[PDB]
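J.: Okay, here's the structure, questions in a sec.
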Amino acid sequence: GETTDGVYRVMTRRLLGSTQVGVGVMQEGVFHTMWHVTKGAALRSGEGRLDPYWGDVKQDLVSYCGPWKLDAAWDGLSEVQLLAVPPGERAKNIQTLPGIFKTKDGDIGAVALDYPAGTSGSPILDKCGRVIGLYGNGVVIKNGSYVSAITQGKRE
Amino acid sequence: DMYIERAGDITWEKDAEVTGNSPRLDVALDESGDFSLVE
Ligand SMILES: CS(=O)(=O)c1ccc(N2CCNCC2)cc1NC(=O)c1cccc2ncccc12
C-alpha cells in the first residue's frame, strides 16, 4: 500500500457511492485515526491491508501497522492549524487559538471549529509542522457550536 | 471494507484563514470516550 507520510481520507463503499467516514495521519509507517472512525476494523491501501495495532475507546484513538508515533503537545500559548480534510473538498488549513477542556485528570487544549462529522481525525499542527493531536472528539456548547479536543496519544 | 486515499502533505501554511474562539469549558470524559459539559 501507499505508506507516504501525510493526511489521508478514510472511505467506505458499504453505503451509497463512496462515503468519507473520517481522516488520519501516516507517519513513520503507522496510520493514526480516531477509534470512532474505524471502530478498529482493518483498512485497505490499494491492495495493501492495514491491521489495527493499538487502540483505546476512552482516548478515542487507534494506530495501524505499529505503535502510536505522534508525541508533540500544544504549548498552551500559541495559535495552531486544523488541517481540515472535509468530505468531497480539498485539504484546507484553518488557524485558531485553542481553548481549554478542564477535567478532573487535567487540562486539554480544544478547538472551536465546526466541520462535517466525516472530518473526524484531521490533524492539528504547531508552527514547526508537528501533529499535536486529532480533531473530531468533543462537545456541543450553549450556542449549539462544536468544540473538539486536541486528542493526542502516548509514544513509548 | 474501509480504504484510505492520500489528501495532502502535513505543513504549516503562512496566511491560512484565521477563525474560532478559545472557550474554557468544564468537561467530564466517560468510559465510552464521550465528553460532556459539567455545570
Ligand atoms: C457522528 S461521528 O460519526 O462523527 C461520531 C461517532 C462517534 C463518536 N464517538 C462516540 C463514542 N466514542 C467517542 C465519540 C463521535 C463522533 N463525532 C461526532 O459526532 C462529531 C465529529 C466532528 C464534529 C462534530 N460536530 C458536531 C457534532 C458531532 C461531531
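In the C-alpha cells, the first chain shown is A, the next is B, and so on; residue numbers restart at 1 for each chain, and ligands run from 1 in the order shown.
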For range 21-34 of chain B, work out the shell of residues within 7 Å, counting only C-alpha atoms and skipping chain neighbours fewer than 2 positions away, then give it as a list in words.
T.: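 Neighbouring residues, sequence-local ones excluded: residues 57, 58, 59, 60, 97, 98, 99, 100, 101, 102, 103 and 112 of chain A; 19, 36, 37 and 38 of chain B.
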J.: I need the residues in range 1-129 of chain A that are strand (DSSP E or B) according to DSSP; give them as a PyMOL selection string.
T.: chain A and resi 6-12+19-27+30-33+43-45+48-50+52-56+61-64+80-84+92-96+99-103+106-111+123-125
J.: Taking only C-alpha atoms and all ligand atoms into account, which residues have an atom no farther than 10 Å from ligand 1? I'd like them as a count of residues only.
T.: 44
J.: With only C-alpha atoms as the basis for distance, which of A:24, A:66, A:29, A:40 is at the shortest distance from residue 1 in chain B?
T.: A:40
J.: From the DSSP assignment of the backbone, select every residue of chain A that is helix (DSSP H, G or I), and format the answer as a ChimeraX atom specification.
T.: /A:35-38,117-119
J.: Please list as a ChimeraX atom specification every residue within 8 Å of residue 7 in chain B, counting only C-alpha atoms and excluding residues in the same chain fewer than 3 positions away.
T.: /A:6-9,85,90-91
J.: Could you save those same residues with C-alpha atoms as a PDB file, in the first residue's frame?
T.:
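Writing the result to again-v4.pdb gives the following:
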ATOM      1  CA  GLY A   6       0.795  12.896   5.154  1.00  0.00           C
ATOM      2  CA  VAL A   7      -3.002  13.131   5.648  1.00  0.00           C
ATOM      3  CA  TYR A   8      -5.409  10.513   4.207  1.00  0.00           C
ATOM      4  CA  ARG A   9      -9.200  10.268   3.806  1.00  0.00           C
ATOM      5  CA  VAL A  85      -9.992  17.433   5.084  1.00  0.00           C
ATOM      6  CA  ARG A  90      -9.620  19.727  -0.703  1.00  0.00           C
ATOM      7  CA  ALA A  91      -7.369  19.732   2.465  1.00  0.00           C
TER       8      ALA A  91
END
J.: So that I can see what lies close to residue 18 in chain B, please list as JSON, numbers by chain the residues with an atom at most 7 Å from it, counting only C-alpha atoms and leaving out residues fewer than 3 positions away in the same chain.
T.: {"A": [94, 95, 96]}
J.: One decimal, Å: what's the distance from CA of residue 73 in chain A over to CA of residue 86 in chain A, could you say?
T.: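 Atom-to-atom, CA of residue 73 in chain A and CA of residue 86 in chain A are spaced 23.9 Å apart.
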J.: Excluding residue 2 in chain B and any residue of its chain fewer than 4 positions from it, enumerate the residues within 10 Å of it, using only C-alpha atoms, and give them as a compact mmCIF listing (two decimals) with C-alpha atoms, in the first residue's frame.
T.:
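Result file result_10.txt:
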# COMPACT_ATOMS: atom_id res chain seq x y z
CA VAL A 10 -10.90 7.20 5.31
CA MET A 11 -13.67 5.94 2.92
CA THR A 12 -16.36 3.17 2.82
CA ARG A 13 -18.45 1.71 -0.09
CA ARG A 14 -20.78 -0.05 2.47
CA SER A 18 -18.11 6.21 -1.70
CA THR A 19 -18.61 7.93 1.73
CA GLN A 20 -15.84 9.62 3.77
CA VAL A 21 -16.25 8.39 7.42
CA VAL A 37 -13.92 6.44 12.55
CA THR A 38 -12.95 2.70 12.01
CA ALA A 41 -11.69 -2.56 11.59
CA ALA A 42 -8.87 -3.31 9.04
CA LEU A 43 -8.22 -0.79 6.17
CA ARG A 44 -7.15 -1.20 2.52
CA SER A 45 -4.49 0.96 0.79
J.: Grab the CA of residue 125 in chain A to CA of residue 77 in chain A distance for me, in Å with one decimal place.
T.: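 Those two atoms sit 13.5 Å apart.
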J.: Between A:92, A:127, A:142, A:154, which is the closest to residue 79 in chain A once you count only C-alpha atoms?
T.: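 Ranked by minimum distance to residue 79 in chain A, first place goes to A:127.
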